[PDB]
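Undergrad: experimental structure below, sequence on top.
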Amino acid sequence: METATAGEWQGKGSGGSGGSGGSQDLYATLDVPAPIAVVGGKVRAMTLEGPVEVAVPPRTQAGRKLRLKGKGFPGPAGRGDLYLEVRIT
């Protein structure tokens, strides 16, 4: 895994795997303020046990989301995935 607690956005960082679908999944919100969105800083993502923190790309708009593998609910088959809708506030 990378040093970052998050994978990719949806192409940004690296086109790892463009495929939204799985199980044991979670729906959350990425709270990105308009300043951090423009400059491309970092923001927190709500997760199970603790928080994630992703590097926001410069000048991000809302309606995007993170796809995070192993950040959805813990299950007897391992863990699920976490899709969290980006808001620019």
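TA: Perfect, thanks for sending it. Numbers count the residues shown, from 1 in each chain.
Undergrad: mind listing what residue 6 touches?
TA: If you count contacts by Cβ atoms under 8 Å, 6 or more residues apart in numbering, residue 6 has them with 45, 52, 53, 54, 55, 66, 68. (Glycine included, C-beta is placed from N, CA and C.)
Undergrad: reformat the residues you listed as a markdown table; add secondary structure.
TA: Formatted as a markdown table, the contacts of residue 6 follow (DSSP: H, G, I helix; E, B strand; the rest coil):
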| residue | secondary structure |
| --- | --- |
| 45 | strand |
| 52 | strand |
| 53 | strand |
| 54 | strand |
| 55 | strand |
| 66 | strand |
| 68 | strand |
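Undergrad: now for these: which two are most distant?
TA: 55 and 68 (13.5 Å; Cβ to Cβ).
Undergrad: comparing those two, which shows the higher neighbour count?
TA: residue 68 (24 against 13; other Cβ atoms under 10 Å).
Undergrad: report the beta-bridge partners for the more buried one.
TA: residue 82 (DSSP bridges).
Undergrad: isn't it up against residue 8?
TA: No - between residue 68 and residue 8 there is no contact under Cβ atoms under 8 Å: 9.1 Å.
Undergrad: touching both of these two, which residues are there?
TA: When Cβ under 8 Å, 6+ apart defines a contact, no residue borders residue 68 and residue 8 alike.
Undergrad: which residues touch the residue minimising distance to the centre of the chain?
TA: Centroid-nearest residue in the chain, with Cα atoms, centre = their mean: residue 66, separated by 2.9 Å. Contacts for residue 66 (Cβ under 8 Å, 6+ apart) come out as 6, 7, 8, 9, 30, 45, 52, 54, 82, 83, 84, 86.
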